[PDB]
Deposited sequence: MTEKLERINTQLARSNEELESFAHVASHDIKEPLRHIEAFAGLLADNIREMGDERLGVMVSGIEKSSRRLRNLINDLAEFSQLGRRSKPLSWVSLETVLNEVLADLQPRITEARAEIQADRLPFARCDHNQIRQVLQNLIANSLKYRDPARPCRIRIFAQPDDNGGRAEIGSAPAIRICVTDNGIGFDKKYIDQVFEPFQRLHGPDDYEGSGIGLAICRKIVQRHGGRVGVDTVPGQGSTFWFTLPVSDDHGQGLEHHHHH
């Protein structure tokens, strides 16, 4: 006679739900891989487009997610740049979304999209700083690698491809990507765009 079966039902519930969450993450990856890979197929040769209109697009899509976070986005005027507008909005997309996703629940999170002539063909470097949780400054090189997550899927579910994608789009443009982080303080990612 089984007291055991009653315990099996507890364990079954765990596993069936494990397959269900483990299979949902697999669906997310399949989608993120299909959206981002089709961008390369739709690639157009670069022309000069206003980066401010592109940014205003990204603030349109995120208009639900921004209010959800009661976050304030201070948007400076972004110049023209010679780039692929569809692909560069995704770079703004993924970056503003990460600054929203990793908002810290104790302070109203504020995001800023700056523009400044960098130095390292003069390239304008666009930067997005946010007051978020940040990550450990040991991870600056690792962060841009795919599927290289810093924490388990318990606290944040993601695919690990978002920001590694940004790097390769910015690299098709002959730019670089980089980040400064202050754990607990906030993190700022930036990417450069070449001129000519």
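Asks: Which regions of the deposited sequence are unaccounted for in the modelled residues, listed N- to C-terminal?
Replies: Those stretches are 1-44, 165-172, 249-261, listed in order.
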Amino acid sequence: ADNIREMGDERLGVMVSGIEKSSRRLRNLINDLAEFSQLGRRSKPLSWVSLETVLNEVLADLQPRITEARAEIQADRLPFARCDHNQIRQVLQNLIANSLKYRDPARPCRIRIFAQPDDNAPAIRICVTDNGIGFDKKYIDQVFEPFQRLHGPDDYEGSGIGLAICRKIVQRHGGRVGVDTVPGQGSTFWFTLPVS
From here on, numbers count along this sequence of modelled residues.
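Asks: On mean Cα temperature factor in this entry, is 5-13 or 177-185 the higher one?
Replies: Taking the mean B-factor of the alpha carbons in each, 177-185 is higher.
Asks: Averaging the C-alpha B factors as listed in the entry, name the stretch that ends up higher: 41-49 or 140-148.
Replies: Taking the mean C-alpha B-factor of 41-49 and of 140-148, the larger value falls to 140-148.
Asks: If you rank the chain by CA B-factor, which third does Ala115 end up in: lowest, middle or highest?
Replies: Tercile = middle for this residue's CA B-factor.
Asks: How does the C-alpha B factor of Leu78 compare with the rest of the chain: lowest, middle or highest third?
Replies: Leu78: CA B-factor falls in the middle third of its chain.
Asks: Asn56's Cα B-factor: lowest, middle or highest third of the chain?
Replies: It belongs to the lowest third of the chain when residues are ordered by C-alpha B-factor.
Asks: Of the three thirds of its chain by CA temperature factor, lowest, middle or highest, which one includes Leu62?
Replies: Within its chain, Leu62 is a middle-third residue by C-alpha B-factor, going by the deposited values.
Asks: What third of the chain does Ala164 rank in for C-alpha temperature factor, lowest, middle or highest?
Replies: Its C-alpha B-factor belongs to the middle third of this chain's values.
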